[PDB]
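Per this note's numbering: the sequence shown = residues 11 to 390. No residue lacks a Cβ here, since even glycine has one placed at the ideal position from N, Cα and C. Quick notes on the structure that follows.
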Amino acid sequence: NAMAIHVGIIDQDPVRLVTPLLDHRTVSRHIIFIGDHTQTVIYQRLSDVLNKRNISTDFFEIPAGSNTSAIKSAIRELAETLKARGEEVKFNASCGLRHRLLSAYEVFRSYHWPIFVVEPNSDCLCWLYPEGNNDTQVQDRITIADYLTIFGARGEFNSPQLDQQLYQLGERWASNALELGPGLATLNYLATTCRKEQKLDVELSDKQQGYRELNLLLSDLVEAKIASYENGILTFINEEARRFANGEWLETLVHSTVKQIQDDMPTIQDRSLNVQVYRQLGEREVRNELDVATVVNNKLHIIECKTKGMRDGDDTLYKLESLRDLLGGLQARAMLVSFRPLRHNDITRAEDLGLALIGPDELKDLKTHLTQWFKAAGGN
Ligand SMILES: [Mg+2]
Numbered sequence: 011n012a013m014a015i016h017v018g019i020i021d022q023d024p025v026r027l028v029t030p031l032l033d034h035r036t037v038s039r040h041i042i043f044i045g046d047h048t049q050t051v052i053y054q055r056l057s058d059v060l061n062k063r064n065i066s067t068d069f070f071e072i073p074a075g076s077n078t079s080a081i082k083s084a085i086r087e088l089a090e091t092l093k094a095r096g097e098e099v100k101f102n103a104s105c106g107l108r109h110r111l112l113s114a115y116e117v118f119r120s121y122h123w124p125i126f127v128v129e130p131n132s133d134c135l136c137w138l139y140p141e142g143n144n145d146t147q148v149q150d151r152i153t154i155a156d157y158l159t160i161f162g163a164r165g166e167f168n169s170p171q172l173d174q175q176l177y178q179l180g181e182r183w184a185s186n187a188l189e190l191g192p193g194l195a196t197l198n199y200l201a202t203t204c205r206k207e208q209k210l211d212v213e214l215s216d217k218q219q220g221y222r223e224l225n226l227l228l229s230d231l232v233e234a235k236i237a238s239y240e241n242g243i244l245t246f247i248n249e250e251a252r253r254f255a256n257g258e259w260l261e262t263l264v265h266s267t268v269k270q271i272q273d274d275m276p277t278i279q280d281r282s283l284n285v286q287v288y289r290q291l292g293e294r295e296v297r298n299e300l301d302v303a304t305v306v307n308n309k310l311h312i313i314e315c316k317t318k319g320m321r322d323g324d325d326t327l328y329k330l331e332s333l334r335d336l337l338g339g340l341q342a343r344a345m346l347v348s349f350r351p352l353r354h355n356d357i358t359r360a361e362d363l364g365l366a367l368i369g370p371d372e373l374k375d376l377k378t379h380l381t382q383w384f385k386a387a388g389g390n
């Protein structure tokens with residue numbers, strides 16, 4: 011209980027030093043992170059997440075050079091103080107540069123303290139010493155919010171009859187996506203006119219009033235009781251209905267589908283819609299939005315939804331991959347869900363970058379393709 015502690019080596023992706031302490035089966039409620047002076051900030055972030063849970067933390071600084079007899083010396087001093095107290099040390103060897111990792115391993119192994127690693131792909135906690143201990147699957151407890159904090163960012167986060175109408179409307183549009191293509195573009199332009207004018211009504215031109223697919227859409231809005239359409243005037247009942255017709259329908263559907271899959275897939279441990287993400291650089295800031303964000307098997311999964319086509323020096327896929335890396339580190343995964351067809355360029359490019367895709371053809375199987383993507387996270 012009180013004497014049980016973890017020791018871990020900070021690196022640039024230290025999530026696997028936190029997830030063992032969040033697992034309800036772990037006795038230890040204290041960890042000492044070993045790092046160099048420039049990793050104080052990573053320490054502070056790690057501590058924000060763990061301290062929230064009343065898990066306590068300390069930072070023990072090794073010298074920053076590559077001299078390993080000096081590292082082993084610093085760590086043996088630490089070990090000897092821990093040994094003198096009767097601390098029941100467990101060494102989490104999941105993280106850290108290999109020179110520091112193996113120096114700490116030598117020291118801790120000589121004290122006969124248990125040593126384990128979370129294999130990042132399987133998420134299994136594996137006992138390196140003593141091999142007799144039983145490996146377990148790390149529980150899935152960390153949130154998106156915690157994930158962002160760890161990686162130096164901060165997120166800002168967010169009926170029943172309305173929700174179901176918005177859900178079923180999305181299903182219809184997703185499953186007839188190619189049929190509805192052009193019409194949803196015109197609806198997007200109409201919703202955008204309302205947005206720019208700050209109103210919920212818009213008069214259609216006579217040409218717009220004769221468009222076949224648009225009219226299919228207008229009458230869906232009407233049946234769903236989220237707009238009225240009378241004498242060429244389209245009125246949304248509210249801003250959320252206007253945003254929905256503007257194109258937020260697809261991310262709403264994806265969020266709603268993830269929530270359905272999660273009822274039977276406990277590895278999906280967190281989910282959110284339109285997370286605002288902030289990162290400070292001195293006085294400056296970079297702001298991003300995550301259309302649907304999840305954590306699954308302790309790995310951050312981001313889904314970008316597009317309802318318009320990709321340009322043409324397009325940045326969508328380079329940017330998505332870049333967010334993935336920077337917000338969830340090496341195990342993070344990302345998907346683009348696209349209402350419009352994807353050019354082969356962008357397909358080949360998504361493959362090159364390791365980004366998953368769901369296009370219009372597969373939108374009628376959204377729930378299955380999403381399940382498959384989430385199963386591939388492991389953890390079951
Ligand atoms: Mg290394």
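Notebook entry, point to check: Between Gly18 and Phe43, is the Cβ-Cβ spacing less than 9 Å?
Noted result: The answer is yes: Cβ separation under 9 Å.
Note to self: Measuring only from the beta carbon, is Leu107 closer than 8 Å to any heavy atom that is part of ligand 1?
What the structure shows: Yes; taking the cut-off as 8 Å, the Cβ of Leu107 has a heavy atom of ligand 1 nearer than that.
Next item on the list: Tell me whether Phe167 is buried or exposed, calling it buried when 16 or more other Cβ atoms sit within 10 Å of its Cβ.
Entry: With fewer than 16 other Cβ atoms within 10 Å, it is exposed.
Margin query: Please report the straight-line C-alpha distance between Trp137 and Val296, rounded to a whole angstrom.
Written below: Approximately 40 Å, taken between the alpha carbons.
Item checked: Cβ neighbours of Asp68 in the same chain (closer than 6 Å, five flanking residues each side left out) -> For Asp68, the CB contacts under 6 Å within the same chain, skipping 5 residues up- and downstream, are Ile42 in chain order.
Notebook entry, point to check: At a cut of 8 Å, does the region 295-314 reach the region 326-337 through at least three beta carbon pairs?
Noted result: Three or more Cβ pairs drawn from the region 295-314 and the region 326-337 lie within less than 8 Å of each other, which places the two stretches in contact.
Next item on the list: Specify the secondary structure class of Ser238 as computed by DSSP and reduced to three states.
Entry: Per DSSP, reduced to three states, the secondary structure at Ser238 is strand.
Margin query: Taking a contact to mean a Cβ-Cβ separation below 9 Å, would you say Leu263 touches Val285 in this structure?
Written below: No, Cβ-Cβ distance for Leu263 and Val285 is not below 9 Å.
Margin query: Can you confirm whether the region 263-279 touches the region 106-122 when touching is taken to mean that 3 or more C-beta pairs between the two stretches lie within less than 8 Å?
Written below: No, they do not touch.
Checklist line | Three-state class that DSSP yields for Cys134 in the structure shown | finding: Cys134 sits in a strand when the DSSP states are folded into three classes.
Check: Taking DSSP as the reference, what is the three-state secondary structure of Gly364?
Finding: Coil.
Item checked: Beta-carbon proximity of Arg334 to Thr304, cut-off 9 Å -> The answer is no: Cβ separation not under 9 Å.
Item checked: Rounded Cβ spacing between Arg110 and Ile81 (contact assumed at less than 8 Å) -> That belief holds up - the Cβ atoms of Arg110 and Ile81 are roughly 6 Å apart, short of 8 Å.
Note to self: My output table needs one value for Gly45: the three-state DSSP class, helix, strand or coil.
What the structure shows: Note: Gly45 maps to strand in three-state DSSP.
Next item on the list: Just confirm the distance between the C-beta atoms of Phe384 and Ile243, as a whole number of angstroms; I'd bet it's less than 8 Å.
Entry: With a Cβ gap of about 43 Å, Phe384 and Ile243 do not count as contacting.
Check: Taking one C-beta from the region 58-72 and one from the region 179-186 each time, how about it: are there three or more such pairs within less than 8 Å?
Finding: Cβ pair count under 8 Å is below three, so no.
Notebook entry, point to check: Can you tell me whether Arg353 is buried or exposed, with buried defined as 16 or more other CB within 10 angstroms of its CB?
Noted result: With fewer than 16 other Cβ atoms inside 10 Å of its own Cβ, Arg353 counts as exposed.
Item checked: For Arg350, three-class secondary structure by DSSP -> DSSP places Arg350 in coil when its eight states are reduced to three.
Notebook entry, point to check: For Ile247, which residues from the same chain have a beta carbon less than 6 Å from its beta carbon, with the 5 sequence-adjacent residues on both sides left out?
Noted result: Here the set comprises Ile236.
Note to self: Rounded to whole angstroms, what is the Cα-Cα separation between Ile357 and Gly323?
What the structure shows: When rounded, the distance between both Cα atoms is 14 Å.
Next item on the list: Take every Cβ of the region 222-237, pair it with every Cβ of the region 193-206, and state whether three or more of those distances are shorter than 8 Å.
Entry: Because the criterion of three Cβ pairs below 8 Å is met, the region 222-237 and the region 193-206 touch.
Margin query: I'd like to confirm the pairing. Which residues does DSSP put opposite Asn102 in its beta bridges?
Written below: Answer by DSSP bridge pairing, in chain order: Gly18 and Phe126.
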